[PDB]
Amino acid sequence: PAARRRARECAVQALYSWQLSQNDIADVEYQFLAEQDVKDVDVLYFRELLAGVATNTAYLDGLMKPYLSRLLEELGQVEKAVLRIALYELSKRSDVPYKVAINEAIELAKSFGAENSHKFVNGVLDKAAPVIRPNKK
């Protein structure tokens, strides 16, 4: 429950490291899990988000691009990670409900991003999410 939310927060951070350092995702994953205090984290789900975003980056971004008013590379780094996480869940995780994916993204954009970030993130997901999940569930 909460452990899965903590996994998302950690995935935002670890995905950020991967975007900025351009280290191997596997070294990013290992170092994060080794160094950080992940005592309350659903670690398996953390690993699946990392793997899930890292191996499908271009596909996830593709679900997103039509809905940005700008190029992908003009997006804030944290914004990109949160959205990738959400879109991965929407497209690849049936054990995550529609509302949960969107709301968890909103909360991540609040903790890790700007004042207005969550509004941008929600705006993109409002367009993108129904296309990935037409019944919205």
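Don't overthink the numbering: it's just position in the shown sequence, from 1.
Residue range whose averaged C-alpha B-factor is higher in the record, 123-131 or 110-118 = Between 110-118 and 123-131, it is 110-118.
Higher mean Cα B-factor in the deposited model: 67-75 or 51-59?
-> Per the PDB entry, the higher value belongs to 67-75.
Residue 94 - Cα temperature factor, lowest/middle/highest third of chain = For residue 94, whose C-alpha B-factor we compare with every modelled residue in the chain, the answer is the highest third.
Classify residue 102 as lowest, middle or highest third according to the C-alpha B-factor given in the PDB entry, relative to its own chain.
-> It falls in the middle third of the chain.
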